[PDB]
Protein chains: 2
Amino acid sequence: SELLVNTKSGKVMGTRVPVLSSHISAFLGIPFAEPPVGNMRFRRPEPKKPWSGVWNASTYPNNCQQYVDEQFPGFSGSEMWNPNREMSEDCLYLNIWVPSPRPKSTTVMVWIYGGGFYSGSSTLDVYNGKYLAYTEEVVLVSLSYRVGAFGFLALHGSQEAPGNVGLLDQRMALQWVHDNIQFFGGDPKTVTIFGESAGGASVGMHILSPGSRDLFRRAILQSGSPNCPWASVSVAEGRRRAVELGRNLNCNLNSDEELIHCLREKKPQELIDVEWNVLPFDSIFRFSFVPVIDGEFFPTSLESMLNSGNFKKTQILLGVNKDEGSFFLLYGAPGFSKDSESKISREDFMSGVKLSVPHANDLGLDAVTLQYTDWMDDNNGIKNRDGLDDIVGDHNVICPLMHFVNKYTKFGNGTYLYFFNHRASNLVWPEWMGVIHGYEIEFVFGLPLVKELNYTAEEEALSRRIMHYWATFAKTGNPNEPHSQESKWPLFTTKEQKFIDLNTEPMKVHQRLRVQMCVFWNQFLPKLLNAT
Amino acid sequence: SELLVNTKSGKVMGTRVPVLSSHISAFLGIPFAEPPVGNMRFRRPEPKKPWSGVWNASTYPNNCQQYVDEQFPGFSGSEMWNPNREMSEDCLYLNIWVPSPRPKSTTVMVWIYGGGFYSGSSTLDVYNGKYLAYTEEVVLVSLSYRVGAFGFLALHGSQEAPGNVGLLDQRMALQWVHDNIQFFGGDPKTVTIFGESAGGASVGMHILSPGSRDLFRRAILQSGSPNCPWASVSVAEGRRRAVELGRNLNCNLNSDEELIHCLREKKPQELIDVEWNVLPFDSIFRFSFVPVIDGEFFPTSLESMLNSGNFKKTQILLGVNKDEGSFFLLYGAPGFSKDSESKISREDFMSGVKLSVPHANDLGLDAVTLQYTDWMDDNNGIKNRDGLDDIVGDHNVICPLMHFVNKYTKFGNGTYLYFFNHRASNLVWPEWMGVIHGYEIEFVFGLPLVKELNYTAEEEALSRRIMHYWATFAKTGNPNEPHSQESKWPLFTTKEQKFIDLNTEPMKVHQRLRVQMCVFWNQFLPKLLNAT
Ligand SMILES: OCCOCCOCCOCCOCCOCCOCCS
Ligand SMILES: OCCOCCOCCOCCOCCOCCOCCS
Ligand SMILES: *[C@@H]1O[C@H](CO)[C@@H](O)[C@H](O)[C@H]1NC(C)=O
Ligand SMILES: *[C@@H]1O[C@H](CO)[C@@H](O)[C@H](O)[C@H]1NC(C)=O
Ligand SMILES: *[C@@H]1O[C@H](CO)[C@@H](O)[C@H](O)[C@H]1NC(C)=O
Ligand SMILES: *[C@@H]1O[C@H](CO)[C@@H](O)[C@H](O)[C@H]1NC(C)=O
């Protein structure tokens, strides 16, 4: 049967699923690791012990234990990101969508979800891989990984809670794809890993980590890069936060053994209830448990790795959205609300900048304020709101990504950069938030192709173009069709730094994406903060 | 006779001079101080001993000893500023232009020449006061004062070379006008002092200095303010430079007595030949001997005086030109030349910034560079040239003046701000220099009214408007005519900060003159330099 596949781990039984008036195969909830429960919590993943019989892969698996956003109960805008399956520590599974009839050896795309390393699920509706698998005829895989303390509590030195285990979960899933995707008709030598936000940072981290490089061919990064200020911490900070977590749960802090043992007896929700209390500053776009520069997964600092060319060299396709920062200001900066235009006063603006650049002293805060203020109209509420929006987006996503792309392009074999600036017609979030963090995903996964979702004809056309760019890049390392008549997405070169916009209007080529502000965030500010 | 005037110092005989097909009286070379020669060099001025007989005031007096610009021999552009009379230490004289018939008690305007405190003459053609005296019917006076070491060598503590004597020369001339202008038909209670560049800084210094305040009614400042970075030094720096001067002339440096005695035996030209060797940095727009914050002429720092409102409160009219910096880049920054478009490379740009902000560390230099560079086109020669031009102008003239006007307006009784941006049609300097430092003067003194000079009809109209603004302000404290139909020059208020352009086009009102860049130079940079 087309729904029965024999893998090196055992036999699996999928299910036929409808898609755009047709059908394809789906293998949901395939385990790739042993459940990381009990004494296994915080530990490196362990390969799934082979099973006899047939594994039923007809239903989605549980989502990993995580913080659940309840800011807007019932609002689809925020709940579309919450886990849609019961949560459990037994959550290391992957999902595969296979074209029908089953291909013999086609392009593979593995999706890595985002969520600030503190949340995320592979089962979200916006991540349904059938549309992309069916439309572009690629084998689409979505993996999962532990988030929060469960996946990133770091007590460097101990082997019971080494840190980065969530990244190792991802790697093991990639190892499984490498070893078994051939049986599903996928070609293991043509695997493209792609992800958004923390998922994009993750993709970049696998590009850097020597132990991950060999497991994939090409990479796509959406609104995220490994060097983002929120994507990693030092082993000292990681240790400080883990101890602080134990302190919040009345744990014995005499030794890592005592601390770890205590954290292991706690129920998942107990750790999650105090997760945000360990942050060192009053901030936004900062998460408690994230990857640590351990000297193992990451041999040295990310910066020195980027400078020496210590990373996988291949082709990459990456980009950002126009208003990456709005989500984080809505949720944590004073003055921003979901149902108002959120015109920001001067006082709230400054409160926002301190929150956005929590690691800066007063001189640094002034530098930022000066850089983003129109002194010819400093009391303009719209201008203060948008300026703060740009500050958060430039500092946390865009500039870190531009630094990465410029460093990578020096050693890489091909780079394609995009700027997503189309605001969906059916967007439920307020207008002031613009092209929101995470809203290019629905186009990448082809949601606009399903009429019931209410997108326009141009948006469906845009989704098809993007899906074809992504899939074509995955297949050849170039988003453009061989000898096509369509407009060409120019290669991003170290000299010309070209990129394109991604919207319903005719393609436009630009250069030096937000170079003015990124010279500030990547060159000046760090130099200023260090000199003081 | 109309050309004979009996003053408290003695009788004076003037001369009738033609002007625009008419005539007026001129009293040139009237002494107001004892010659500051021999043992008097460096000393505070002494009032001129009254004379018997009639002083012949029919010819211009000698110019004070000063550095003479020889960069462009024969070029009218630069030679129009060099002394046009023999130089001599015996140079403390003033000139008076009186309407004919002699007025009974009319408005008086006293001109204070600029020249970086190291040069200047009251006898320059561009300072001829007959056009203004005749056209607006005001008594126009032009004073003189010692420049260079002769007027500003400062050895705080000694009474032989206290410093600021050049400023005291100006005051004594103002004292003479106060006491004698009535005999020339001038009203001593309606005296307006005006000056350009160092002359403008001087006007602002008399506004601050308690000992000068009572000697005038109103003030006009052109391209200069007391707080300019080049307009003053501390007593320690003043002392260091004086000793360094002595060191350049093989003087005994054991004591102020030894040093001063040695400097007094030197010929004027010997001091001038090494004058520029005492500067502490490799710079531009920095002069060796300038006013010192002595705690006498200036009771405390200029900043604290401005903050506490420690200054004369009256009306003021001041402004700047569009390209104040070009002159100084032409003369001292690599890459700029008189006969080329001076497109500046990236290397020369950076050389220029270091030269323009000589007191800044590397972080400060980066801050400036970042602030004035278009990173979307950083190799644009035109953009680098103009950016450097703006850096020099903003740092040395505009921003310091904006800081002054905003501080003054808080306590003042009326402020009128202008932005002169008209490039004369007969300008001999290259196009890239734009509206040059010092070129609004010819319009203030009405040179465009004389056809032989080759200005256009609109330029003559512009000159007449400006002269009438200046004279009307001098007479009433408001540049606008009572119940006139002409466009109104709005008052500059602390809240709206309005100002007007000064050119041949219809009047336009603007707000917050170069506020974006001045927040950088007046608030951020100083804070950055101090924190490091
Ligand atoms: O529980 C007590 C502590 O709570 C305080 C802090 O919690 C606030 C967390 O806010 C995080 C930011 O929220 C943004 C929501 O992002 C969801 C959409 O992201 C799309 C990309 S996967
Ligand atoms: O003599 C040896 C030392 O010389 C080196 C330094 O001398 C250079 C002096 O340059 C000063 C700047 O020149 C600008 C000329 O300005 C004249 C016009 O000013 C108009 C306003 S009054
Ligand atoms: C495994 O097979 C059962 C039996 O048909 C079916 O319900 C489904 O495909 C899998 N299990 C569940 C609970 O759905
Ligand atoms: C990629 O690598 C191939 C072979 O190594 C080379 O021929 C090609 O020019 C490279 N392309 C880019 C964009 O570097
Ligand atoms: C003083 O009077 C003389 C005599 O007429 C005349 O030359 C001039 O007015 C004054 N002196 C000089 C040298 O010009
Ligand atoms: C100037 O002072 C007078 C009287 O002191 C006052 O009436 C007038 O309002 C003042 N004008 C300004 C602009 O301050």
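Labels below follow one simple rule: chain letters A, B, ... track the order of the sequence lines, proteins then strands, and each chain is numbered from 1. When a ligand or atom number is given, it counts from 1 through the structure's own listing order.
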Enquirer: Could you check, using the six-membered ring where one of them is a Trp, whether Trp97(A) and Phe27(A) have ring centers closer than 6.0 angstrom?
Expert: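 No; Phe27(A) has its ring centre 6.0 Å or more from that of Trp97(A).
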Enquirer: Can you list the atoms of ligand 2 that are under 4.0 Å from a heavy atom of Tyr331(B)?
Expert: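 Reading through ligand 2 atom by atom, the close ones are 13 (O).
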Enquirer: Return yes when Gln71(B) approaches ligand 2 closer than 4.0 angstrom through a heavy atom, no otherwise.
Expert: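 In this structure, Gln71(B) fails to qualify as a contact of ligand 2 - no heavy atom is under 4.0 Å.
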Enquirer: Relative to each other, are the rings of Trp429(B) and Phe327(B) parallel, tilted or perpendicular (30° and 60° limits)?
Expert: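 Rings of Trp429(B) and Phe327(B): perpendicular, as their planes differ by over 60°.
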Enquirer: Using a 4.0 Å heavy-atom cut-off, which part of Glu275(B) comes near ligand 2: side chain, backbone, both, or neither?
Expert: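 Neither; no heavy atom under 4.0 Å.
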Enquirer: Return the residue, atom name and 0.1 Å-rounded distance of the protein heavy atom closest to atom 21 (C) of ligand 2.
Expert: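 Sorting protein heavy atoms by distance from atom 21 (C) of ligand 2 puts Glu196(B) OE1, 3.7 Å first.
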Enquirer: Look at atom 19 (O) of ligand 2 and say which protein heavy atom is nearest, naming residue and atom and giving the distance to 0.1 Å.
Expert: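 Protein heavy atom with the smallest distance to atom 19 (O) of ligand 2: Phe327(B) CE1, 4.3 Å.
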Enquirer: Can you establish whether the number of heavy atoms outside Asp125(A) located under 6.0 Å from its atom CG is more than 12?
Expert: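 No, CG of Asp125(A) has 12 or fewer neighbouring heavy atoms, counting only those of other groups under 6.0 Å.
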Enquirer: Is the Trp470(B) to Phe194(B) ring centre distance short of 6.0 Å?
Expert: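 No, ring centres 6.0 Å or more apart.
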Enquirer: Sort out the contact shell of ligand 3: every protein residue with a heavy-atom distance below 4.0 Å, listed by chain and number.
Expert: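 For ligand 3, the residues that come within the 4.0 Å heavy-atom cutoff are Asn56(A), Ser58(A), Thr59(A).
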Enquirer: Would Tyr118(B) count as a contact residue for ligand 2, given that I'm defining contact as a non-hydrogen atom of the residue lying under 4.0 Å from a ligand atom?
Expert: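 It does; at least one heavy atom falls under 4.0 Å.
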Enquirer: With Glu70(B), which residues qualify under salt bridge (charged side-chain N to carboxylate O under 4.0 Å, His left out), at least two apart?
Expert: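 Result, salt bridge (charged side-chain N to carboxylate O under 4.0 Å, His left out) vs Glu70(B): none returned.
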Enquirer: Is the ring pair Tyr469(A)/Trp489(A) parallel, tilted or perpendicular, if the boundaries are 30 and 60 degrees?
Expert: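 It falls in the perpendicular class, over 60°.
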Enquirer: On the 0 to 90° scale, with breaks at 30° and 60°, tag the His395(B)-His359(B) ring pair as parallel, tilted or perpendicular.
Expert: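 Parallel.
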Enquirer: For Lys312(A), does the NZ atom have more than 12 heavy-atom neighbours from other residues, nucleotides or ligands under 6.0 Å away?
Expert: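 For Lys312(A), atom NZ is crowded (more than 12 foreign heavy atoms under 6.0 Å).
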Enquirer: Would you call the rings of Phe287(B) and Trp230(B) parallel, tilted or perpendicular, where under 30° means parallel and over 60° means perpendicular?
Expert: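 Taking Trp230(B) first and then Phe287(B), their aromatic rings stand perpendicular (interplane angle over 60°).
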Enquirer: With a sphere of 6.0 Å drawn around CD of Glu2(A), does it hold more than 12 non-hydrogen atoms of other residues, nucleotides or ligands?
Expert: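 Counting other residues, nucleotides and ligands, CD of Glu2(A) exceeds 12 neighbours.
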Enquirer: Which residue holds the protein heavy atom closest to atom 2 (C) of ligand 2, what is that atom called, and what is the gap in Å?
Expert: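 So the nearest neighbour among protein heavy atoms is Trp276(B) CD1, 4.4 Å.
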Enquirer: How far is atom 1 (O) of ligand 2 from its nearest protein heavy atom, and which residue and atom name does that atom have?
Expert: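 Answer for atom 1 (O) of ligand 2: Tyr67(B) CE1, 3.8 Å.
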